[PDB]
Structures are given as structure tokens and as C-alpha cells.
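One structure below.
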Amino acid sequence: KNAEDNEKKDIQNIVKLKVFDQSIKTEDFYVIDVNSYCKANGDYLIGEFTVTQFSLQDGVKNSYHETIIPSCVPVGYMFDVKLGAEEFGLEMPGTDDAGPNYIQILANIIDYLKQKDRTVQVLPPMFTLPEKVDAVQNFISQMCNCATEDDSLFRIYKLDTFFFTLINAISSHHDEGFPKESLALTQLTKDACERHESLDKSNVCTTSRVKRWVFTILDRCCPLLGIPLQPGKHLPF
Ligand SMILES: [Zn+2]
Numbered sequence: 090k091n092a093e094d095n096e097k098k099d100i101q102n103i104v105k106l107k108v109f110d111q112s113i114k115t116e117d118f119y120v121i122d123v124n125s126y127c128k129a130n131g132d133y134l135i136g137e138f139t140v141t142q143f144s145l146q147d148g149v150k151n152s153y154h155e156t157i158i159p160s161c162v163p164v165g166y167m168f169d170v171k172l173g174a175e176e177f178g179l180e181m182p183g184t185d186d187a188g189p190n191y192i193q194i195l196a197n198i199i200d201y202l203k204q205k206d207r208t209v210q211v212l213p214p215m216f217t218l219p220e221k222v223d224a225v226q227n228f229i230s231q232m233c234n235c236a237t238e239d240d241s242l243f244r245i246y247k248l249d250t251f252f253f254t255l256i257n258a259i260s261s262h263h264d265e266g267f268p269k270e271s272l273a274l275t276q277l278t279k280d289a290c291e292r293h294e295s296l297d298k299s300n301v302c303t304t305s306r307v308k309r310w311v312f313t314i315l316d317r318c319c320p321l322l323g324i325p326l327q328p329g330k331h332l333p334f
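Residues 90 to 280, 289 to 334, numbered by the deposited numbering, are exactly what the sequence shown covers, in order.
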């Protein structure tokens, strides 16, 4: 994990400089979460994901959400597929074979991440809770075969490490922030989409899941910079 120090030095590198050049309130950061039906044949059977864009100043700008109904159930994994569908409110495989547009989806993602007026071939990170890293890297990898494309394009980084570093760099007073990284995971553990809102919960929604993550970090990070937590932007409504 000598390369997970790299992830750590990467996350610091981004954050320190953007506060160092006094632009951190407006920089755009990206969070991702996924739902998996099951984990079939070495790969995760992805059923939903959301990538959402926020800045400290404006809060959540928007998000990119899709529900994925694979054509079919892997053989050997019916119970497993039914369980996740069950947990996550996902529909079962094969509905008109309104099939996974994976060639397209990498490209919608790649369009979503791309920075206005950047002069390098480099996409922002997406940050997710530590548990969801294997799933979300796998998803990314699955798509890169349907286009011969590469993993390396993407950095799939841990959100707690982000919260920790962002807050502690914008902290000023000693009373502010997290002494240990633990507190961040712990705070993101402390605290939708139309279908799920139609399914009452709308609690296992990756749009939901991902949005509650950002609200707590905005919650602790915004006032350190004197930013009103506007509802429907930093707060709900
Ligand atoms: Zn949803």
C-alpha cells in the first residue's frame, strides 16, 4: 500500500494548493456511489450509480444518475441477484432488454468529469466511502473493456480522507476539525431519485446515499468559511 500513501499525498496535494491559491470554495469535487445486485464471477453486478458535483460555496450543483437493468441473471447466482434487488429496490434483469449502455456510460461519465479549460489529459477524482471502492473501481473497469479503454484514466479515492483534509486545511482555529482521520469516516457514517421516491425509500438510493454524504461534510466545512447552508443547495429543500 506504498501506493495508498500516494492516494493520501494526492488528496493533500489537491486540497492544500487550492486553498493556497485561495480558490477552494469554488473548486468542483466529485462523489460517486453504486448499488450492486450481487458479486458474480469476480465482478460486481452493478445496478445503480450516481455521480454528483459540489463546491463548498454552491453546494451540490447537480448529479448524474442512472438505474442499470442488466439483460440477465448470472448462472449460479439467482438467490444473490434476488437478494440485492430486494435490498436495493432494483428491478430484475431483462426488461425489454433496455440494456446497459456501458460503451455510452463511460463516455457520459467522462464527459461529466472533464474540466472546463483544462490543458492536461487528466480527470478529477471521484470520492466514495471506503467500502464502495472495490465496487466502483470494478464498475469503471467493466466499462473500459467495452471500449478497450483504460482503468488508469480514473482515480477512485476515499471520501473520508477527503473530508478530513478539506476541513483541516480550512480550519484556522484549533477548536475546528478532526484530530484523527477516524472521526471523518465516523461522521460520514453518522449521517433522491424519482423511482425510489416512488418506492417510498429512497433511502438506499445512490442519489440519496451520495447526497447525505456531502451534506455532512458541507455541514462541517461551510461555516468554517462563512457560507450560508442554503436549502436545496447545502441543506435539503
Ligand atoms: Zn435510486
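Here a beta-carbon is modelled for each residue, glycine too, at the ideal position from N, C-alpha and C.
Reduced DSSP category for residue i - H, G, I as helix; E, B as strand; rest coil
i: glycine 173; result: helix
i: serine 260; result: coil
i: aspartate 280; result: coil
i: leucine 332; result: strand
i: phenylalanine 118; result: strand
i: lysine 298; result: coil
i: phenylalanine 168; result: helix
i: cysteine 318; result: helix
i: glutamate 265; result: coil
i: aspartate 99; result: helix
Proximity to residue i [Cα-Cα], best of the options
i: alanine 224; options: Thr237, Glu270, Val104, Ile135; result: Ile135
i: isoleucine 113; options: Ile324, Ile198, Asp239; result: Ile324
i: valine 104; options: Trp310, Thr184, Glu116, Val140; result: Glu116
i: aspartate 94; options: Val140, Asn151, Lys247; result: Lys247
i: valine 140; options: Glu265, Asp132, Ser152; result: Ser152
i: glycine 266; options: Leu321, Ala236, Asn130; result: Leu321
i: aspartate 280; options: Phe177, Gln210, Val123, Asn300; result: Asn300
i: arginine 309; options: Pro333, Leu296, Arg292; result: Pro333
Test item: CB-CB of residue i and residue j under 8 Å
i: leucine 145; j: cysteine 318; result: yes
i: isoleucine 229; j: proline 189; result: no
Classification of residue i by the beta-carbon crowding that lies within 10 angstroms, buried from 16 upward
i: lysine 98; result: exposed
i: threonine 184; result: exposed
i: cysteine 161; result: exposed
i: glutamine 276; result: buried
Every unbroken alpha helix (DSSP H) inside the segment 185 to 255 [4 residues or more] | 191 to 202, 222 to 234
Ordered list of beta strand (DSSP E) runs contained in the segment 121 to 155, each at least 3 residues = 132 to 144
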